[PDB]
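Below you'll find the structure, written out as structure tokens, and then a few comments.
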Amino acid sequence: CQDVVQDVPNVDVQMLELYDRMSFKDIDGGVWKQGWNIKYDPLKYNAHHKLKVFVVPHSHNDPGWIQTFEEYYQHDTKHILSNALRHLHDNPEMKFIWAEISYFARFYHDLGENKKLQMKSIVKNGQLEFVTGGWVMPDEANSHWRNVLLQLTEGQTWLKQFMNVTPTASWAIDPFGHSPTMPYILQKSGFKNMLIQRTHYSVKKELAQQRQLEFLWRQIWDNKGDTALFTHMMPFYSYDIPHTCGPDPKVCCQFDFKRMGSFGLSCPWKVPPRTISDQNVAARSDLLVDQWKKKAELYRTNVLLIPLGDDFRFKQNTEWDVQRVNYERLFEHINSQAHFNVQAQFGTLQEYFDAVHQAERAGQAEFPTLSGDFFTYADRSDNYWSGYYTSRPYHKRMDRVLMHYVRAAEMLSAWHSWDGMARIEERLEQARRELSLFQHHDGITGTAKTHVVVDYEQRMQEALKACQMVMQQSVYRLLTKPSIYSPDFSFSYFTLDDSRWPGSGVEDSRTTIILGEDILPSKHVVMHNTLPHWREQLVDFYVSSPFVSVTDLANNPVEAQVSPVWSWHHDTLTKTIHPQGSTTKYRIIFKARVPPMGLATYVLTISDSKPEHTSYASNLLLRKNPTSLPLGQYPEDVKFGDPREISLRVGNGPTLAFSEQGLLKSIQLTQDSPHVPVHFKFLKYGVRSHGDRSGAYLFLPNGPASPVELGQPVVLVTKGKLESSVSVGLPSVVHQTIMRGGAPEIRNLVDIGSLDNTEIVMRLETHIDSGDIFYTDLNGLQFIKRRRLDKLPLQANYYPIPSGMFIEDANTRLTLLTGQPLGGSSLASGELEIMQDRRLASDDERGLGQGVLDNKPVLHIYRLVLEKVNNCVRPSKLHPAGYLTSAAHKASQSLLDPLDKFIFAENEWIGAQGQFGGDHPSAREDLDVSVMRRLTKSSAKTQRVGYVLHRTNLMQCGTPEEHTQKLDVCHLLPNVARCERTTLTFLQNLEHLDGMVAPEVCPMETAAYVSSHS
Ligand SMILES: O=C(O)[C@@H](O)[C@@H](O)[C@H](O)[C@@H](O)CN1C[C@@H](O)[C@H](O)[C@H]1CO
Ligand SMILES: *[C@@H]1O[C@H](CO)[C@@H](O)[C@H](O)[C@H]1NC(C)=O
Ligand SMILES: [Zn+2]
């Protein structure tokens, strides 16, 4: 195993280091606005050394953006694919590449048998080539690596099954900036090459000058280079034809033959394309070859990539003809004129890369190594695209909730084979596809039109119902005596109880468990733990009486706490946002202990008075002019007081101090230790008056953020033995700090309401000497070092916070973990800030054609971890990575993969069992079973189950925390006959494993295994 902490990799280009030295000046470079006037030596090419040009036709099909997936399919894409099949079938030298498998699958299944055979032969013969092969071309900023892998797998599994091909070349031309998480997943999925486009214009200029646009991209912590994936970064401002033939768009536009008039389209540089003929072909070729040779100067080999395409192109039959025939004329003339020393032809992406690598092996070139990422993207001037790190935050949070449900449904149902009548495969397929579709760079990114966001949300809501049905049927099967198990596959044995989604305040969707001495006295509840180690976590349920006690299934009492159910309302009468307590239901809380990847059953029983093992929280309402708050049968009266500082401590954990406005002020780790200043504050950013306006994509603040005026907010304090909290109703936000004895949990119920042209940010102010350094994660997979640069505007210093961020000095670290991707930064030493929501009334000119005015209440969740780190073994000052401690990693896990809760729906569960998985191995804390998926249907003689194992890297800080079982996923299910290491998509066997034992992986590595069973 490589050491990912102490050996700083030596690479030719390290993006953080490049960022430190680069100038980022935005000067007019001539026709190539953001470059320079390229020049070439005409004698560089001759008969023995020609320029091989590959023109690769393509069509960017967004799965939802301005139209919904289905509307684009009906009005556009089905015609693109139908005409592609026809044209390629009839024109054998023509080529075309295809990226979005969601669309291709949709298409293919509406095809007649004869067309399917035709389609398969143009794929087999190489004319139609799939690039990447993912269900979509995912966003790279907000997406979790688990879902990037999920959608890549959904598309490639479809391609292998139906087209019998697995792409090894990736094409990502539209994501708004790029992540090293991609080469990481791709390289472990059999890929050999990848292409990217949207990177900072300054970076493009800088790398082009050094001919470093093609590089071996390795992970920032990879000293050896085993993760390296050859990468081609396109050099210009866009992937359209005007910006892909060469440096001058006025010239390249004349070579987009769809712009002569009958298609509506035109050249904004004022010169239109003209049909090629014998009279003008020489003059046209002169212009075109000149462009190619200039573009060729920016790269190292004599092989040139020339994409030919744009959004939803190759739709009309006449369009196929006008592009094909004109380019064929150009090719015939150019290739026959020795003096150009050029051999040009239509080609595919893989043809291009194969030719480049042949040249490389011929010693014609050597490529540089690079590590780092490509965020935050700006396509021009000061237009940094950091607004989409936060846009439509409701759905961003929904993404993470569905990510987890999918994982839990596939894992719970993988333990058995199911009869087709149960429709398990069918429901999981739908859940996987709706979630995969949302990874699209206009889905999770929050950059689609209002009704298209609605379409994605409705699809994820059906996916969530599908997962719940699979999960509850599975739990019923795993915890009912076999000889009693009698399933009705359309019945609800259990209903899921979720405390954080949609969230209290967003939607009253939780069911109350109704008990009564004169009716039903008890109720079974079941917790599932998808993680591969024993886990204890407090779980809460709503009950109809405060007098309830908890037992495990051997009837051992379990300590519990009951609290009122508090909800907040903007009292548009005394003009306050204040809490109300339920007089009809209550919350019971207790610690559930659940086996690794297993289940645990508990029983809640009502009594007529205080039970022996249940305690009650005290409640304090702080506001001047208080009024009473009745709580039905709750046994303790609410206490009142004037606003004041307060301090709390649950168990032996930290003591937190709060301001009189109910916000965190300081944290004291132990009895003795000091009160570390850590203050939460909410501020707002506005939009510029004149000039470029912020929009769904762009964040263009009219200056630093200004404090939200709070007034005298109402603070609610709940103090219990197991859980305490401090909640405050602020304008636009009900902010809550919850304590269970470890790092606190923070929840914000954000409702920007009608605050047009406003972005609400949540900031943490500390005195940690962080300087200009901070850390953010990439796709929930790794943490990268960021350096705030004052030579860049504020918006350029915002980065994706997909799951976490932290700042530290020599002794102290503050890490903020999130349950949803949002934008964020450290704008000053000791500060961390993360955007909560943004309402924008103007369009930001990137084609969306609307602002963001469809905001809705959303419950954001976080864990806040203050830690001493002077004793931790950290990477050197020069290392570009950072790593979490054990506590922060477990805190991220508690947000992304909590215990699932099921309430038995009927009165009596006959044959109920108390636990499942008590014999599963409890693996080391840095190891996770990211995916567990049965890959075969029940009629298959040999069952196959796939596992994706991921090991993160946690800092050594002096806490032994040892003694753990080795997890061998291949022996989790009985009767194993074979165990294989495979690509992460499970599509290719890479190693036959001895003894059918799957070894554990190294820190920061991810592996896949498939176990076969008789
Ligand atoms: O085709 C052009 O005119 C290009 O410059 C592109 O603008 C092209 O429309 C496309 O990339 C626009 N992309 C499409 C969509 O997926 C994005 O949100 C959006 C952001 O601008
Ligand atoms: C699938 O591709 C393989 C090459 O790996 C080929 O040998 C096989 O015949 C193909 N199967 C089908 C259904 O054409
Ligand atoms: Zn796009």
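Is one or more of the residues making up the stretch 881-900 of a type in the set (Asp, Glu) and surrounded by 18 or more Cβ atoms within 10 Å (Cβ to Cβ)? Steps first, please.
Restricting attention to the stretch 881-900, the residues satisfying the condition of being of a type in the set (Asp, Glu) are 897, 900.
Next, from what is left, pick out any that are surrounded by 18 or more Cβ atoms within 10 Å (Cβ to Cβ): 897, 900.
Yes, that holds for at least one residue.
Which one of the conditions (1) within 16 Å of ligand 1 (Cβ to nearest atom); (2) surrounded by 15 or more Cβ atoms within 10 Å (Cβ to Cβ) does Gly264 fail to meet, given that it meets all the rest?
Result: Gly264 fails condition (2) only.
If we keep just the residues of the stretch 32-56 that are surrounded by 19 or more Cβ atoms within 10 Å (Cβ to Cβ) and aliphatic (A, V, I, L, M), which is farthest from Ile784 (Cα to Cα)?
Looking at the filtered set, the residue picked out is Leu51.
Against the condition more than 16 Å from ligand 2 (Cβ to nearest atom), under 18 Å from the mean Cα position of the chain (by Cα), buried (at least 24 other Cβ atoms within 10 Å of the Cβ) and under 23 Å from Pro235 (Cα atoms), how does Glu154 come out, does it pass?
For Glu154, the condition - more than 16 Å from ligand 2 (Cβ to nearest atom), under 18 Å from the mean Cα position of the chain (by Cα), buried (at least 24 other Cβ atoms within 10 Å of the Cβ) and under 23 Å from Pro235 (Cα atoms) - is not met.
Among the numbered criteria (1) farther than 26 Å from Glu434 by Cβ; (2) within 16 Å of ligand 1 (Cβ to nearest atom); (3) under 24 Å from the mean Cα position of the chain (by Cα); (4) in contact (Cβ under 8 Å) with a residue 60 or more places away in the chain, which one does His178 miss?
Only one criterion in (1) farther than 26 Å from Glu434 by Cβ; (2) within 16 Å of ligand 1 (Cβ to nearest atom); (3) under 24 Å from the mean Cα position of the chain (by Cα); (4) in contact (Cβ under 8 Å) with a residue 60 or more places away in the chain is unmet by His178, namely (1).
Do we find that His48 is without any contact (Cβ under 8 Å) to a residue 40 or more places away in the chain, away from ligand 3 (no atom under 16 Å from the Cβ) and under 34 Å from the mean Cα position of the chain (by Cα) in this structure? Walk me through it before giving the result.
Numbers: without any contact (Cβ under 8 Å) to a residue 40 or more places away in the chain: yes; away from ligand 3 (no atom under 16 Å from the Cβ): yes; under 34 Å from the mean Cα position of the chain (by Cα): no.
In short, no.
Against the condition within 16 Å of ligand 2 (Cβ to nearest atom), surrounded by 22 or more Cβ atoms within 10 Å (Cβ to Cβ) and not assigned by CATH to the domain that holds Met403, how does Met182 come out, does it pass? Write out each step before concluding.
On the way: within 16 Å of ligand 2 (Cβ to nearest atom): no; surrounded by 22 or more Cβ atoms within 10 Å (Cβ to Cβ): yes; not assigned by CATH to the domain that holds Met403: yes.
Considered against the rule, which asks whether it is within 16 Å of ligand 2 (Cβ to nearest atom), surrounded by 22 or more Cβ atoms within 10 Å (Cβ to Cβ) and not assigned by CATH to the domain that holds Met403, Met182 comes out as no.
Which of the residues spanning the stretch 454-486 are closer than 15 Å to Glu906 by Cβ and in contact with a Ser or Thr (Cβ under 9 Å, 6 or more places away or on another chain)?
Residues of the stretch 454-486 that are closer than 15 Å to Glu906 by Cβ, as a first pass: 472-473, 475-476, 479-480, 484-486.
Those that are closer than 15 Å to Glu906 by Cβ and in contact with a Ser or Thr (Cβ under 9 Å, 6 or more places away or on another chain): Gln472, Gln473, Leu479, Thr480, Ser486.
Name the single residue that is nearest to ligand 3 (Cβ to nearest atom) among those in the stretch 86-109 being in contact (Cβ under 8 Å) with a residue 60 or more places away in the chain and under 14 Å from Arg324 (Cβ atoms).
Ranking the candidates gives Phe96 first.
Inspect the stretch 391-414 for any residue being touching a helix residue (DSSP H, G or I) at 6+ places or on another chain (Cβ under 7 Å), under 21 Å from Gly695 (Cβ atoms) and either free of Cβ contacts under 8 Å to residues at least 12 places away in the same chain or within 16 Å of ligand 1 (Cβ to nearest atom) (or both) and give the result as yes or no.
Yes - at least one qualifying residue is present in the stretch 391-414.
Which residue is nearest to ligand 3 (Cβ to nearest atom), if the candidates are limited to the stretch 289-318 and must be farther than 30 Å from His75 by Cβ and among the basic types (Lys, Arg)? Give the steps one after another, and end with the answer.
Going residue by residue through the stretch 289-318, those that are farther than 30 Å from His75 by Cβ are 289-305.
Next cut, among the basic types (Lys, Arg) only: 293-295, 300.
Numbers: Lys293: 30, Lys294: 27, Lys295: 23, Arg300: 29 Å.
Among those residues, the one meeting the criterion is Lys295.
Restricted to the stretch 343-369, and to residues that are in contact with a strand residue (DSSP E or B) (Cβ under 8 Å, 6 or more places away or on another chain) and either more than 26 Å from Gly133 (Cβ to Cβ) or of a type in the set (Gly, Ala, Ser) (or both), which residue is surrounded by the fewest Cβ atoms within 10 Å (Cβ to Cβ)?
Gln343
Just name the residue that is surrounded by the most Cβ atoms within 10 Å (Cβ to Cβ) out of those in the stretch 589-606 that are among the β-branched types (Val, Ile, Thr) and in contact with a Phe, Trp or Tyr (Cβ under 8 Å, 6 or more places away or on another chain).
Just the residues of the stretch 589-606 that are among the β-branched types (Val, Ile, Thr), to begin with: 589, 594, 601, 603, 605-606.
Pick out the ones that are also in contact with a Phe, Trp or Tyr (Cβ under 8 Å, 6 or more places away or on another chain) and you get 594, 606.
On the way: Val594: 25, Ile606: 22.
Among those residues, the one meeting the criterion is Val594.
Is it the case, given these coordinates, that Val123 is out of contact with any strand residue (DSSP E or B) (no Cβ under 6 Å at 6 or more places or on another chain) and either part of a helix (DSSP H, G or I) or buried (at least 19 other Cβ atoms within 10 Å of the Cβ) (or both)? Spell out the reasoning first.
Numbers: out of contact with any strand residue (DSSP E or B) (no Cβ under 6 Å at 6 or more places or on another chain): yes; either part of a helix (DSSP H, G or I) or buried (at least 19 other Cβ atoms within 10 Å of the Cβ) (or both): yes.
Taking the combined requirement at face value, the residue satisfies it.
Within 16 Å of ligand 1 (Cβ to nearest atom), within 36 Å of the chain's Cα centre (by Cα), under 25 Å from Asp379 (Cβ atoms) and free of Cβ contacts under 8 Å to residues at least 60 places away in the same chain: which single residue out of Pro242, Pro273 fits that description?
Values: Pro273 fails: within 36 Å of the chain's Cα centre (by Cα).
Result of the check over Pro242, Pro273: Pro242.
Against the definition (more than 16 Å from ligand 3 (Cβ to nearest atom), among the small types (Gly, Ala, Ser) and not in a helix (DSSP H, G or I)), how does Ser413 come out, yes or no? Quick ask: steps written out before the conclusion?
Details: more than 16 Å from ligand 3 (Cβ to nearest atom): yes; among the small types (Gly, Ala, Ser): yes; not in a helix (DSSP H, G or I): no.
No; evaluated as a whole, the condition is false for this residue.
Of the conditions (1) surrounded by fewer than 23 Cβ atoms within 10 Å (Cβ to Cβ); (2) in contact with a helix residue (DSSP H, G or I) (Cβ under 7 Å, 6 or more places away or on another chain); (3) part of a helix (DSSP H, G or I), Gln161 satisfies every one except a single condition; which number is it?
(2)
Of everything in the stretch 883-932, what is among the basic types (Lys, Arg) and not in a loop (DSSP other than H, G, I, E, B)? Give them in sequence order. Break it down into steps so the answer makes sense when it comes.
First pass over the stretch 883-932, keeping only residues among the basic types (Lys, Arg): 890, 901, 924.
Once the filter is applied, which keeps residues that are among the basic types (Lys, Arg) and not in a loop (DSSP other than H, G, I, E, B), the stretch 883-932 yields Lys890, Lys901.
Considering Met94, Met137, which residue is surrounded by 24 or more Cβ atoms within 10 Å (Cβ to Cβ) and away from ligand 2 (no atom under 16 Å from the Cβ)? Steps first, please.
Numbers: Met94 fails: surrounded by 24 or more Cβ atoms within 10 Å (Cβ to Cβ).
Selected residue: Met137, the only one of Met94, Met137 that is surrounded by 24 or more Cβ atoms within 10 Å (Cβ to Cβ) and away from ligand 2 (no atom under 16 Å from the Cβ).
Given the conditions (1) out of contact with any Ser or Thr (no Cβ under 6 Å at 6 or more places or on another chain); (2) more than 30 Å from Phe176 (Cα to Cα); (3) not polar (S, T, N, Q), report the number of the one that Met411 does not fulfil.
(1)
Condition first: β-branched (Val, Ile, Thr) and either more than 16 Å from ligand 3 (Cβ to nearest atom) or on the phi > 0 side of the Ramachandran plot (or both). Now tell me which residues in the stretch 425-481 satisfy that.
Restricting attention to the stretch 425-481, the residues satisfying the condition of being β-branched (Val, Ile, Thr) are 444-445, 447, 450, 452-454, 470, 475, 480.
Correct list: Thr450, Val454, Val470, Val475, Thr480.
Of everything in the stretch 77-120, what is more than 16 Å from ligand 1 (Cβ to nearest atom), part of a helix (DSSP H, G or I) and of a type in the set (S, T, N, Q)? Give them in sequence order.
Selection gives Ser82, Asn83, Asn114, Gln118.
So in the stretch 110-132, with the set limited to residues that are among the β-branched types (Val, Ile, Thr) and more than 16 Å from ligand 3 (Cβ to nearest atom), which one is nearest to the chain's Cα centre (by Cα)?
Here is the first cut: in the stretch 110-132, the residues among the β-branched types (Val, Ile, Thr) are 122-123, 131-132.
Next, only the ones that are more than 16 Å from ligand 3 (Cβ to nearest atom) stay: 122-123.
Numbers: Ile122: 34, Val123: 31 Å.
Across the stretch 110-132, the extreme among qualifying residues is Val123.
Applying the selection to the stretch 304-342, what residues are crowded, with 19+ Cβ neighbours inside 10 Å and either within 16 Å of ligand 2 (Cβ to nearest atom) or in a strand (DSSP E or B) (or both)?
Passing the criteria: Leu304, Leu305, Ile306, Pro307, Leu308, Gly309, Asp310, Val342.
Quick one: which residue in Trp145, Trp135, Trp171 is touching a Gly at 6+ places or on another chain (Cβ under 8 Å) and within 16 Å of ligand 3 (Cβ to nearest atom)?
Details: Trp145 fails: within 16 Å of ligand 3 (Cβ to nearest atom); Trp171 fails: touching a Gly at 6+ places or on another chain (Cβ under 8 Å).
Answer to the check: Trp135.
Note that we place each Cβ from the backbone using ideal geometry, even for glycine, and neighbour counts take in every protein chain shown. All of this is worked out from the model, or read from it or from the source named; these are not laboratory values.
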